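Here you get one chain, nothing else, as structure tokens; it is the form deposited without this ligand.
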């Protein structure tokens, strides 16, 4: 089995039919708002199937056709995957309004926010375990020939047992354009700070460029959610990186872990480890 790009059908319902389960709206109840996303509100609710807690993404009325395509495209991508460290798609409501994407609920939310909330409270082994889980998910994706393009701690979700799962499967994504962003970068866009040099310059996204992003995720984890490159503008970030600058070792980070970050940030992508190497390396440490 291998990844299929839902765009190839030129009908978003195709990937939905092929890779998702249609859920009847009588089985879904929303209980609270847990966020705002690109397409509309995001809720926590319950899915009757027995009932299970779920995250519920909705498509706000008045959407464009491109939005409708991108919305269903997210489900058409996620539904192709089945792995412990990849957010599980429960299903979609496509045949009623508003349309919904129903995924497994993750109690602790996004990883960057979670580690900030819990700054300093974990052991190295716990942090490494979070990184191993992310890497296992990315290994599964790379073997499916899926390149994520937008791997960052804000796109990893954390459950009550601290299991980390890759989320945010966007059909659409393009690189942000802003030369600055000293505090915050764009919306819907891939941030320059997490993206490999060849992906920025040559638009060359491969699993090796996901590895670069994973290195940045390692640094976010080991720093408890520090912003990569602090308040440097994107202009200065790219200049420094191409001159050989790499983020310094986080406080209390084992040298073996920082060395793996540095391997992930090899300027020349062929010299970076693959996700399989990373999982093995992190397994030895655990």
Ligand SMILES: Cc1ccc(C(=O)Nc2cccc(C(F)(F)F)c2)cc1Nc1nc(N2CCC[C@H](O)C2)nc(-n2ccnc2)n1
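In this text, the rigid core denotes the largest set of C-alpha atoms whose superposition between the two forms falls within 1.5 Å. Numbering follows the first chain given and starts at 1.
The protein also exists as the form deposited with this ligand bound; that form is not presented, and the subsequent description refers to it.
In this form the binding site is blocked, since this ligand, overlaid from its pose in the deposited bound form, puts three or more atoms within 2.4 angstroms of backbone or C-beta atoms. Taking the partner from elsewhere, every residue among 55, 87 and 148 has a non-hydrogen atom within 4.5 angstroms of this ligand in the deposited bound form. A heavy atom within 4.5 Å of this ligand in the deposited bound form is found for one listed residue only; from 200, 93, 157, 130, this is 157.
The partner is absent here, but in the deposited bound form a heavy atom of 77, alone among 208, 216, 77, 190, sits within 4.5 Å of this ligand.
For residue 103, a non-hydrogen atom is located within 4.5 Å of this ligand in the deposited bound form, even though that partner is not displayed. Interface residue remark: residue 42 is counted as part of the site for this ligand in the deposited bound form, having a heavy atom within 4.5 Å. At least one heavy atom of residue 35 is located within 4.5 Å of this ligand in the deposited bound form.
This ligand is not drawn, but in the deposited bound form it has a heavy atom within 4.5 Å of residue 166. The chain is drawn here without this ligand; in the deposited bound form, the stretch among 224-232, 60-68, 27-35, 252-260 whose residues come within 4.5 Å of it by any heavy atom is 27-35. Following superposition on the rigid core between the shown form and the other one, the residue from 241, 261, 69, 222 with a C-alpha displacement of 2 angstroms or more is 69, and no other. For residue 275, a C-alpha deviation below 2 angstroms is recorded between the shown form and the other one after rigid-core alignment.
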